[PDB]
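> What follows is a single structure, and I will ask about it in a moment.
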Amino acid sequence: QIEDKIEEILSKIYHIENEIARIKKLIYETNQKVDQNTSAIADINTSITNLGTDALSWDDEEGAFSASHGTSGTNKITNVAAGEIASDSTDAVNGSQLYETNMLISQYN
Amino acid sequence: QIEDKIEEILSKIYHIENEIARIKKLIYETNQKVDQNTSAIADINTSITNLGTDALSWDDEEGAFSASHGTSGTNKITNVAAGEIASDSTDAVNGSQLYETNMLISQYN
Amino acid sequence: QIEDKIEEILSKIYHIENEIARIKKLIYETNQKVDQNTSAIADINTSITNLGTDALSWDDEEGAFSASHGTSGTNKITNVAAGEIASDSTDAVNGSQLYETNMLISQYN
Numbered sequence: 796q797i798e799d800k801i802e803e804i805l806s807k808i809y810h811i812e813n814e815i816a817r818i819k820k821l822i823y824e825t826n827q828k829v830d831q832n833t834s835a836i837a838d839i840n841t842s843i844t845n846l847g848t849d850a851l852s853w854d855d856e857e858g859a860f861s862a863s864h865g866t867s868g869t870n871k872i873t874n875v876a877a878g879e880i881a882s883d884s885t886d887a888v889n890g891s892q893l894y895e896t897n898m899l900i901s902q903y904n
Numbered sequence: 796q797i798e799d800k801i802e803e804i805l806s807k808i809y810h811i812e813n814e815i816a817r818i819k820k821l822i823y824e825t826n827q828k829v830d831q832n833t834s835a836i837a838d839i840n841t842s843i844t845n846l847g848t849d850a851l852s853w854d855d856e857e858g859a860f861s862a863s864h865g866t867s868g869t870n871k872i873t874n875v876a877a878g879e880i881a882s883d884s885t886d887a888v889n890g891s892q893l894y895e896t897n898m899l900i901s902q903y904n
Numbered sequence: 796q797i798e799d800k801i802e803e804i805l806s807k808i809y810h811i812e813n814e815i816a817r818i819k820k821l822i823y824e825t826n827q828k829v830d831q832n833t834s835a836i837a838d839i840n841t842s843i844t845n846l847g848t849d850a851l852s853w854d855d856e857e858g859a860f861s862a863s864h865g866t867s868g869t870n871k872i873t874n875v876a877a878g879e880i881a882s883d884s885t886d887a888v889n890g891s892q893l894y895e896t897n898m899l900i901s902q903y904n
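Residue numbers (the authors' numbering), protein chains in the order written: chain A, 796 to 904; chain B, 796 to 904; chain C, 796 to 904.
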């Protein structure tokens, strides 16, 4: 009876040991995925910070989009293609267009 | 005394088996959270990619905001409300405003 | 022999107990990281939502950046520095520049 009980005990111990081995694998696999995600989050935080710094964004107090950037309150917007010149146009106009207008005036004068 | 000892060992083995059952559940639960975050991060990466592509942003080669996009280095900005026309105005002006100016000149000529 | 067997069994159970305590600690530590990451992803989703609402963004149907915002189909862009007035300038122009042009015309008249 006691040798049987010892065999029972040892069988139970082997099973526990096997389960523990698998658990160590599972915790490792998990911690690899978590480390991956922690790194990814760090990179995302940088990207979000940069987008926030660099996007031309709405200014609630001004009730308009603002071309302020960092420590510079006013800045150019460039690479703006020519806007439609019409009574209903809501396109921004660029310096080539104002140049043309100024030339019409100087020619007029 | 050895029957007592055997029963105490079997008791502790039962306890350990219970711990292992709990541990397995915890690991599964933890992995469900990690899975959710891994998939949330993939979604975030796409969002950030698209925001970077679509937000009018600062350009460190221009020292200005740049309307480059896709295969065109210049693009229009539209749905721009009329800017204040005043000596100290920093508002963008639209094609309707330039149209009016051009019309004043034209009528004179 | 059997008293000896029992001693060896107890020694192994002691080792198992140490492994279980370590595993618990590792799972705790993993979950502290996962919690930190879940929160960080929550913050990121808020930043992304806000950047989307507030960035001046590309509009596929317009093929242009759009100063639409919220319920308002058109809005101002302000804090725009004066653009180059030249035949190949792609700088946006501001209200102070159009004011100046408008005063040339009113002078010429």
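For every residue, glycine included, the Cβ atom is placed at its ideal position computed from N, Cα and C.
For residue 888 (chain C), name the three-state secondary structure that DSSP assigns.
coil
> In chain B, what lies closer than 8 Å to residue 832 (chain C) by C-beta?
832
> Which term fits residue 806 (chain B), buried or exposed, when burial requires 16 or more other beta carbons within 10 angstroms of its beta carbon?
exposed
> Skipping 5 residues on each side, what residues in its chain have a beta carbon closer than 7 Å to that of residue 872 (chain C)?
862
> What does residue 814 (chain C) reach in chain A if we use C-beta pairs closer than 7 Å?
Ordered by position in chain A, the residues that pass the 7 Å Cβ test against residue 814 (chain C) are 815.
> For residue 866 (chain C), is the classification buried or exposed, using 16 other Cβ atoms within 10 angstroms of its Cβ as the cut-off for buried?
exposed
> Spell out the partners DSSP gives residue 810 (chain C) in its beta bridges.
Paired residue(s): none; residue 810 (chain C) is not in a bridge.
> Using the rule of at least 16 other Cβ atoms within 10 Å of the residue's Cβ for burial, across every protein chain shown, is residue 797 (chain C) buried or exposed?
exposed
> Could you check where the beta strand (DSSP E) with residue 852 (chain B) kicks off and where it finishes?
Residues 852-854.
> Quick check on this structure: which residue in C:808, C:884, C:880 and C:813 has the alpha carbon closest to the alpha carbon of residue 895 (chain C)?
Minimum Cα-Cα distance from residue 895 (chain C) among the listed residues C:808, C:884, C:880 and C:813 corresponds to C:880.
> For residue 824 (chain C), return the contacting residues in chain B, with the cut-off set at a CB-CB distance below 8 Å.
None at all; the shortest Cβ gap to chain B is about 11 Å.
> Put residue 872 (chain C) into one of helix, strand or coil per three-state DSSP.
strand
> So, with DSSP's three-state summary, where would you put residue 861 (chain A)?
When DSSP states are grouped into helix, strand and coil, residue 861 (chain A) belongs to the strand group.
> Have a look at the DSSP bridge pairing and note the partners of residue 867 (chain A).
A:864
> Between the region 861-880 of chain B and chain C, which residues of the former have a C-beta closer than 7 Å to a C-beta of the latter?
862, 864, 869, 870, 871, 872, 873, 874, 875, 876, 878, 879 and 880
> Are the beta-carbon atoms belonging to residue 870 (chain C) and residue 888 (chain B) less than 9 Å from one another?
no
> Once DSSP output is grouped into helix, strand and coil, what is the label at residue 847 (chain B)?
helix
> Would you say residue 798 (chain A) reaches chain E, if we count a Cβ-Cβ gap shorter than 9 Å as a contact?
The structure shown contains no chain E; its protein chains are A, B and C.
> Residues of chain B with CB closer than 8 Å to the CB of residue 805 (chain A), please, in chain order.
Here the premise fails: no neighbours, minimum Cβ distance about 10 Å.
> Could you tell me whether the Cβ of residue 886 (chain A) comes closer than 9 Å to any Cβ of chain B?
yes
> Check whether the region 821-838 of chain C touches the region 823-830 of chain A, taking contact to mean three or more Cβ pairs, one atom from each stretch, closer than 8 Å.
yes
> Using 9 Å as the limit for Cβ to Cβ distance, is residue 882 (chain B) near chain A?
no
> Is there at least one Cβ from chain C nearer than 9 Å to residue 854 (chain A)'s Cβ?
yes
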